[PDB]
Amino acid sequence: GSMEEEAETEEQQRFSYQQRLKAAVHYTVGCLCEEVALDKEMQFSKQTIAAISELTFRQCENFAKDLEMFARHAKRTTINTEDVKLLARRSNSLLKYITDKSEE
């Protein structure tokens, strides 16, 4: 039960967890794209939906790192709605939408 055999099993576990996360994102992305397709009466390829799902998975990485950095900038270990508003600071459009939903 060597160290290299243990490392391989742990990598397999990390890999399959990431894959399950990617699957779950792909599921919801498929659902949203299906609502868009019906509403706009425009079909999406299967490759387009996969590309959107891989993009959404990556975007989470940038959202999470930024949020953590913004919280810590303010000496907080707990991410709050002001950190989330900072993500949307370049787009007045997006900031108003997010600020709206925060008043709930």
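Sequential numbering from 1, following the sequence displayed.
In this entry, 93-101 has the higher mean Cα B-factor, the comparison being between 93-101 and 2-10. Across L38, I79, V29, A64, the entry's maximum B-factor at the CA atom is seen for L38. Ranked against the other modelled residues of its chain, the C-alpha B-factor of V84 as given in the entry falls in the lowest third.
Looking at the C-alpha B-factors along this chain, the one for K75 belongs to the middle third.
Ranked within its chain, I49 lands in the middle third, by CA B factor from the PDB record.
Ranked by C-alpha B-factor against the other modelled residues of its chain, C60 falls in the highest third.
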